[PDB]
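So the structure is just underneath, and the comments pick up after that.
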Amino acid sequence: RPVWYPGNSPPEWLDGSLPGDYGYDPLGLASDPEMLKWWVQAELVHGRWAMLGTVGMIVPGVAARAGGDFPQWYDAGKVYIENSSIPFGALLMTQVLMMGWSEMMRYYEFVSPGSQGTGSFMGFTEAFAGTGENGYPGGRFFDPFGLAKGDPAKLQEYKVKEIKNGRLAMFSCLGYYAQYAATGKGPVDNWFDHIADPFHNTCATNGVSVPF
Amino acid sequence: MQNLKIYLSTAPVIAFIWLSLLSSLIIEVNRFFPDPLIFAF
Amino acid sequence: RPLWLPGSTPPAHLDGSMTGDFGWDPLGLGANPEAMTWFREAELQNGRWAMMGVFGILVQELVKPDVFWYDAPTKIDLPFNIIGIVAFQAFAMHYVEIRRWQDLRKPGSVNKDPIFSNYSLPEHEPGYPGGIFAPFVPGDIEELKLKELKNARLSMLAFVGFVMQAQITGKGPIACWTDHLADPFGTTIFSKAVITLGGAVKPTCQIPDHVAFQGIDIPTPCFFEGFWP
Amino acid sequence: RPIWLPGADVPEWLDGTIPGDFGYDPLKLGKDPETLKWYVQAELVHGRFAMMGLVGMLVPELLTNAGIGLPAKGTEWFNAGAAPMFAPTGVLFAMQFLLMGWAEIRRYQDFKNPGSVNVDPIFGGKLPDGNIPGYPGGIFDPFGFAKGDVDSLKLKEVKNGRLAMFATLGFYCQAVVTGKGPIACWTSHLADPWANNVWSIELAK
Amino acid sequence: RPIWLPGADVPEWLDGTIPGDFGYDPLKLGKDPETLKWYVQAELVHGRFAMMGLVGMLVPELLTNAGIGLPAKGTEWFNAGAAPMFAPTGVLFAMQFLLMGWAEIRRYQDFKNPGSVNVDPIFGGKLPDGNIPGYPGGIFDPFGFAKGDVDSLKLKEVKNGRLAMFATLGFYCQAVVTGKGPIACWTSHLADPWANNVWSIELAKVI
Ligand SMILES: CC(/C=C/C=C(C)/C=C/[C@@]12O[C@]1(C)C[C@@H](O)CC2(C)C)=C\C=C\C=C(C)\C=C\C=C(C)\C=C\[C@@]12O[C@]1(C)C[C@@H](O)CC2(C)C
Ligand SMILES: CC(/C=C/C=C(C)/C=C/[C@@]12O[C@]1(C)C[C@@H](O)CC2(C)C)=C\C=C\C=C(C)\C=C\C=C(C)\C=C\[C@@]12O[C@]1(C)C[C@@H](O)CC2(C)C
Ligand SMILES: CC(/C=C/C=C(C)/C=C/[C@@]12O[C@]1(C)C[C@@H](O)CC2(C)C)=C\C=C\C=C(C)\C=C\C=C(C)\C=C\[C@@]12O[C@]1(C)C[C@@H](O)CC2(C)C
Ligand SMILES: CC(/C=C/C=C(C)/C=C/[C@@]12O[C@]1(C)C[C@@H](O)CC2(C)C)=C\C=C\C=C(C)\C=C\C=C(C)\C=C\[C@@]12O[C@]1(C)C[C@@H](O)CC2(C)C
């Protein structure tokens, strides 16, 4: 198996079948078998918020080239409550209400996979029952196109794509933060700035990353 | 990770960690709610 | 068998079965027997509306008066209000459809005429109601059935043309038809935009926003201009 | 049998016996038979009293306006609420309560133990062997119906009332939404049915 | 069987025996049997007061604020602390205490000895009883319910009692903050749901 840092062998505990398992645990935090399935969900969740976050940053940025007046991802928080029309408290506290429902629901299917779709949440049996893997609910709502139902050999082949596209969305979304704190400008602005004058726009020239 | 937990469960560890959770909390309660002589508020 | 890509290797779950299956599943949505049956109806539904729709616009322009289609205002004018029609549109299509949709999910139960009984037909194919709907039968064979998709699957694909062309080119379907044959090497929206490194041109949408209809906003913006070529 | 939604899931407990079961219980309500039975008479009683009621408030529109025959006023079945009449409310309401309560306890006390009691009054006795809890044969049905069409008949009654019930709720929505009356709205719509709708005239912006 | 949250516990000492039991006792107050017996009654007595009591708050203020018809004297439920008229709060209070405490010690000494609060000789007259444990029945069920819907009726008492208790606490905390009446707190939210919410005022607003 094509491990990272070729020439070594994977940590002996995880050689197993996990989508996108390259044998990378250099601090050995999967050593607890009970805890590993908790990290596998932890990644899957971050990978899914990443891939939504990245597009959510780039598109309003890319939208701004043609005009169309959007903000950058930073200071899009202000611009909305600048124009407001609903208070900040009501919004953040509707978050915690609706959002906390899903997560605290998402959790007790991880704890005990049987419940959450036994029934008696507005019916909806088998939509929430979960398909048995850690971070994959499946079902009617979460899976409207009925994918991950037919051929499994094609499914396991998506589960790999999802992670590998997720691990990249995270590692890019670390760039959006870091290259904002330095250049103080949007992600697609930088993607033009370096594509225009690559030589003087590079990382060493932001005056922050390379202090003197 | 098995054995790292069991060590973190030793008596002096929790004694440190859990007091530093009170200590910190009791410190910050005095940051926002300063000088509490009587329960009057 | 003939395929979309003559050298291709059709996916496993799809072999020589459904009417007009050329082996096209990049995403493999047909591997699920239940859902593919659903999707099987949609392809007909989306097709059969688009066909009748694309033939609408074309006739709507060439033989008919010429206003490319954003028009509320007509020469059939606006005979009974709007909210008048939409009222009757809902209840009309509601019965029409939740009726047919049930023959999809639980087949055959609907074949009876509700008022009296001439019925319809045996259970046939959920998306091909026989009898009263298909009396004439121009071709006698399911060759004609494969003949229906290949028309629709083009028309649906053709319809998207009418939108985008009428976005920036701001002209009807057959207007730009003749406009192309006159100086063909112009107006490809290949010529009309570049976006290379450095330079990026894009043609601006020739239809505006805020179209005034009976004192109502109707924002009606263009479709994702920012990403246009 | 015919159902409301042809080719439906046809609940168990609704296997058609009762007069007019079309297999409609979307809320899985009334599985247990006793509450079903109780409801069976509700729709019965609660349906009858709508027929006469709907006809009741519909009368003032036909007489007072269409022919203006011997005007009773009765505007939009509203001023009937506040009207001179004769007796005060205090006299009048508490008088219907005691009158109706007699008949209501009687009706209930039949259904409590269905096969028993009620029947014979004072003033001697009646005793038309009253059997069906929902329908009583005797003084209540004098011209001697239940003539052998019941199945073919009960359904005709059950189905009229439901629509009298449903049309009743119209009035309460007819009213509070618009403020005009049953024939006021029935005529107003037919003036310009395309510009007169709930979508039209319940859009006040 | 319904659970408070579908994925957790149903603690060992608690099975689904009694009605209104969804398996929620985090602090594990009831464990030994002779206690759980007690609290079950402590719930209903609360659940019963809360239901009746809340309607004392809800409806009178509702009438006044739902129209001119019969405006409630004493205004909002916390403005009825004033308007005693006839008798002084010193006496009228200790008339209550003496009067209630007669009935409610009778209620306890029944829970202590279940069969008969009072057997026929003592407490002259009265003593009809006809009493099952946990519910009085007897006098207190005049229309003669427990006709075979009991189990359901039991579920319908608790589940409404559970809510009126919880809903009562809102009346307290709301009025303690917004200084308005419930329908004032009601409609003002229903008017504009966002700005009139909680957590925009005084309490989470500490942020
Ligand atoms: C989830 C995520 C991003 C989510 C983005 C979101 C929600 C978008 C938010 C926004 O749209 C809003 C809300 C408003 C917009 O206007 C603005 C923003 C704010 C942008 C990033 C995760 C980012 C997470 C990252 C980058 C994590 C990198 C972790 C690494 C490399 C860890 C490696 C190891 O753990 C292993 C693998 C194994 C161990 O043995 C060894 C070590 C080293 C410990
Ligand atoms: C193009 C289209 C769909 C194209 C879909 C493709 C290629 C999908 C391919 C895939 O799925 C497969 C095959 C297999 C997967 O492995 C891969 C993917 C990629 C997932 C639908 C359009 C569908 C188009 C539809 C349904 C349009 C319907 C409505 C019409 C025509 C009405 C028009 C009018 O109302 C107006 C506009 C104005 C009036 O004046 C006149 C009238 C004209 C008539
Ligand atoms: C009885 C009735 C009205 C009677 C009205 C009367 C006497 C009016 C009298 C007056 O007008 C006059 C004469 C003169 C006026 O001046 C004064 C008054 C006094 C005002 C209406 C009932 C009206 C009853 C109505 C509208 C009931 C509708 C119920 C429906 C549709 C329920 C459906 C379901 O229960 C099923 C079927 C199956 C479940 O599984 C699913 C659900 C959906 C729960
Ligand atoms: C009875 C009650 C309120 C009664 C109110 C009354 C009579 C009101 C009277 C008045 O209005 C009128 C009539 C008229 C006004 O003019 C005068 C007043 C006087 C104002 C509230 C109970 C209120 C009771 C409440 C809120 C209880 C909430 C309990 C919760 C949330 C959970 C509790 C737990 O026990 C479990 C379930 C499991 C354990 O493991 C965990 C814990 C936490 C211990």
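Protein chains in written order, with our numbering: chain A, 34 to 245; chain B, 45 to 85; chain C, 4 to 232; chain D, 16 to 220; chain E, 84 to 290.
Cβ coordinates follow ideal geometry from the N, Cα and C atoms, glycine included.
Check                                                                                                                     : Outcome
From C:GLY33, C:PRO29 and C:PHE42, residue whose alpha carbon lies closest to that of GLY183 of chain A                   : C:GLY33
Whether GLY147 of chain A touches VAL73 of chain A by CB criterion (8 Å)                                                  : no
Contact under 8 Å by Cβ, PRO176 of chain C with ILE60 of chain C                                                          : yes
Own chain partners of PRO86 of chain D with C-beta closer than 6 Å, once the 5 adjacent residues on each side are dropped : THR79
Alpha carbon of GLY139 of chain D to alpha carbon of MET115 of chain D, nearest angstrom                                  : 22 Å
Sequence-distant residues of its chain with Cβ nearer than 7 Å to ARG63 of chain D (five each side left out)              : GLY176
Length-filtered (4 minimum) alpha helix (DSSP H) runs lying within the segment 90-164 of chain D                          : 104-127
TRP231 of chain C beta carbon near ligand 1 (any heavy atom closer than 7 Å)                                              : no
Nearest candidate by alpha-carbon position, reference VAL113 of chain C, set D:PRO21, D:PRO17 and D:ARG16                 : D:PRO21
Residue closest to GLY218 of chain C, alpha-carbon to alpha-carbon, out of C:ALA75, C:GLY23 and C:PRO13                   : C:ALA75
Under 7 Å by beta carbon: chain D residues contacting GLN105 of chain C                                                   : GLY22
CB contact flag (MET72 of chain D, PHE186 of chain D, <8 Å)                                                               : yes
Near ligand 1: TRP82 of chain A beta-carbon under 7 Å from a heavy atom                                                   : yes
Proximal residues of chain C, C-beta to C-beta of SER215 of chain D below 9 Å                                             : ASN84, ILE86, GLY87 and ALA90
Closest Cα partner of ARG189 of chain E within the set E:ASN196, E:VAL200, E:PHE180 and E:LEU181                          : E:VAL200
Same chain, Cβ closer than 8 Å to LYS209 of chain E, neighbours up to 5 away in sequence not counted                      : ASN201
Beta-carbon proximity check, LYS52 of chain D vs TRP28 of chain D, cutoff 8 Å                                             : no
Contact list for the segment 60-89 of chain A against chain B, Cβ threshold 8 Å                                           : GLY61, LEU62, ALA63, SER64, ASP65 and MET68
Beta carbon proximity, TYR141 of chain A to chain E, threshold 8 Å                                                        : yes
Cβ neighbour criterion (16 or more within 10 Å) applied to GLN170 of chain C                                              : buried
Same chain, Cβ closer than 8 Å to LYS115 of chain C, neighbours up to 5 away in sequence not counted                      : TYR122 and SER123
Counterpart residues of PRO39 of chain A in DSSP-defined beta bridges                                                     : A:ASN41
Distance cut 7 Å, beta-carbon to ligand 1 heavy atom: residue list by chain order                                         : A:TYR57, A:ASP58, A:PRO59, A:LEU60, A:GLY61, A:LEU62, A:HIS79, A:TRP82, A:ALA83, A:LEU85, A:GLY86, A:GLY89, A:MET90, A:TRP106, A:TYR107, A:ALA109, A:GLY110, A:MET203, A:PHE204, A:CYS206, A:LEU207 and A:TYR209
Inter-stretch contact (C-beta, 8 Å, three-pair minimum) for the segment 53-69 of chain C and the segment 92-99 of chain C : no
Classification of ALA185 of chain C by the beta-carbon crowding that lies within 10 angstroms, buried from 16 upward      : exposed
C-alpha distance - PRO187 of chain C paired with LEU200 of chain C, whole-angstrom precision                              : 27 Å
Helix, strand or coil at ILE219 of chain C according to DSSP, with G and I counted as helix                               : strand
Element boundaries [alpha helix (DSSP H), containing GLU228 of chain C]                                                   : Note, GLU228 of chain C: premise wrong, no alpha helix (DSSP H); not H, not E.
For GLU217 of chain D, the nearest candidate out of C:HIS183, C:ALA196, C:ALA90 and C:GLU100 (CA to CA)                   : C:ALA90
Interface residues of chain A facing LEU32 of chain C [CB-CB closer than 9 Å]                                             : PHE178, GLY179, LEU180 and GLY183
Supposed contact pair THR223 of chain C and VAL214 of chain C - C-beta distance, whole angstroms, cut 8 Å                 : 6 Å
Pick from D:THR50, D:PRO48, D:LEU59 and D:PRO17 that is closest to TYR39 of chain D, judged by C-alpha positions          : D:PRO17
Proximity winner among D:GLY31, D:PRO48 and D:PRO26, relative to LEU42 of chain D (alpha-carbon distances)                : D:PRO26
Any chain D beta carbon closer than 8 Å to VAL113 of chain C                                                              : yes
Nearest to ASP106 of chain C (by Cα), restricted to the options C:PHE119, C:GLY130 and C:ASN84                            : C:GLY130
Collapsed DSSP secondary structure at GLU172 of chain D in the structure displayed                                        : helix
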